[PDB]
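Novice: Starting from these lines, generate the structure:
(one chain, ligands or ions: 2)
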Amino acid sequence: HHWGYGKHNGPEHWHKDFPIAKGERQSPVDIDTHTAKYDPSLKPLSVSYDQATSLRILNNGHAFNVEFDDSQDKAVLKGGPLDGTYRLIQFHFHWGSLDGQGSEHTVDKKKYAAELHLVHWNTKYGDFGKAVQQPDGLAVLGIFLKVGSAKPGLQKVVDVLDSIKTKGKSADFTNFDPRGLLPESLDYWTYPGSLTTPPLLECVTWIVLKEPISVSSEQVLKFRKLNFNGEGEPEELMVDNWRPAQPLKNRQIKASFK
Ligand SMILES: COc1ccc([C@H]2OC(=O)NC2=O)c(OC)c1
Ligand SMILES: [Zn+2]
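Specialist: Numbering: from 1, shown residues only. Ligands and ions are numbered 1, 2, ... in the order given. The coordinates are given below.
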């Protein structure tokens, strides 16, 4: 597969290799704040990242992934809409060429400058590859980024980016604390959806935080210096690595808050 985000291989083309692109629970979606309903049954959300062990950062040609040791329950997400225990495996971002776009989810059609995805898998399926074949296999925590004041907890990530400019490059990235990327509030919207890139599997419980985090223009500018291409290939800046909003179909978005 040669999928990407260009005119010739971007989201509008994905359905030819990945027909589930036109399925019934595709992501991202627009979150219409006037139609999402508060759900009193949602249990409290539990983000337990104190024992998180980051290992590595990888430019995969689509984004950069900060990977974690998920061989044990070190950093987990529970509660909210979730049954059981979901283990953190990696986080990454989607961002724009300009500050007015870059997020995958939208809020009343608003596009944020970027969106962080913290990806976790359901430990009852044993491994991540099995989990992505299940409707409740993954829980993705999605956090919007707006451009304003710098996020101090992001700066170790931005500073390593020069070392992984091109596709296939990785770097050691130990001791990074993902709690520094969270907003103050854990108020969220939740709905059933999918992976937002190929293979587009319909295996995700989406948990999208209402409160965005602020990053500086300098921080996001450094994201935009990455490359989709590999070393020694023609330079294509890693920008606009987001899929647009997909049809909601037969789904309800629930709010954790009133
Ligand atoms: C192999 O594991 C994957 C594959 C794709 C996605 C895409 O779905 C998403 O929401 N962002 C993505 O890059 C993923 O993240 C959950 C994890
Ligand atoms: Zn993502």
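Novice: residue contacts, the closest residue to residue 131 other than its chain neighbours?
Specialist: Distances taken as CB to CB, 6 or more residues apart in numbering place residue 137 nearest to residue 131, at 3.5 Å, with adjacent residues excluded. The C-beta positions use only the backbone N, C-alpha and C, and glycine is treated the same way. Applying CB atoms under 8 Å, 6 or more residues apart in numbering to residue 137 gives the contacts 121, 122, 125, 130, 131, 203, 204.
Novice: for residue 105, same thing?
Specialist: 27, 28, 29, 30, 31, 115, 142, 144, 206, 208, 245.
Novice: Kindly state the beta-bridge partners for the spatially most central residue of the chain.
Specialist: Central residue of the chain (CA atoms, centre = their mean): residue 117, 2.1 Å from the mean position. Note on residue 117: beta-bridge partners residue 92, residue 142, judged by DSSP bridges.
Novice: Roughly how far does it sit from residue 181?
Specialist: 11 Å (CB to CB, to the nearest Å).
Novice: related to what we said a few turns ago, got the contact list for the residue nearest to the centre of the chain?
Specialist: 91, 92, 93, 94, 140, 141, 142.
Novice: what about 7 Å?
Specialist: Going by CB atoms under 7 Å, 6 or more residues apart in numbering, residue 117 touches 91, 92, 140, 142.
Novice: Surely the first one touches residue 178?
Specialist: If I follow you right, that is residue 91. Yes. Applying CB atoms under 7 Å, one finds residue 91 in contact with residue 178, separated by 6.3 Å.
Novice: what about residue 239, how many neighbours?
Specialist: 19 (other CB atoms under 10 Å).
Novice: nope, residue 108 is what I was after
Specialist: Residue 108 has 10 neighbours, counted by other CB under 10 Å.
Novice: what does residue 16 give?
Specialist: 9.
Novice: Equivalent analysis for residue 126, please.
Specialist: Residue 126: 10 surrounding residues under other CB under 10 Å.
Novice: Next: the one 4 residues further on.
Specialist: The local packing of residue 130 (other CB under 10 Å) involves 13 other residues.
Novice: before we move on, what SS does it have?
Specialist: helix (DSSP: H, G, I helix; E, B strand; the rest coil).
Novice: what separates the closest residue in space to residue 229 that isn't next to it in sequence from ligand 1, distance-wise?
Specialist: Among residues not flanking residue 229 along the chain, residue 236 sits closest, at 5.1 Å (CB to CB, 6+ apart). According to CB to the nearest ligand atom, to the nearest Å, residue 236 stands 18 Å off from ligand 1.
Novice: ok now do residue 236, which residues does it touch?
Specialist: Neighbouring residues of residue 236 by CB under 7 Å, 6+ apart: 227, 228, 229.
Novice: And for residue 175?
Specialist: For residue 175, the contact set (CB under 7 Å, 6+ apart) comprises residue 54.
Novice: could you say which helix or strand contains it?
Specialist: For residue 175, there is no host helix or strand (DSSP states H and E).
Novice: again, but for residue 160
Specialist: Using DSSP H and E, residue 160 sits within helix 155-160.
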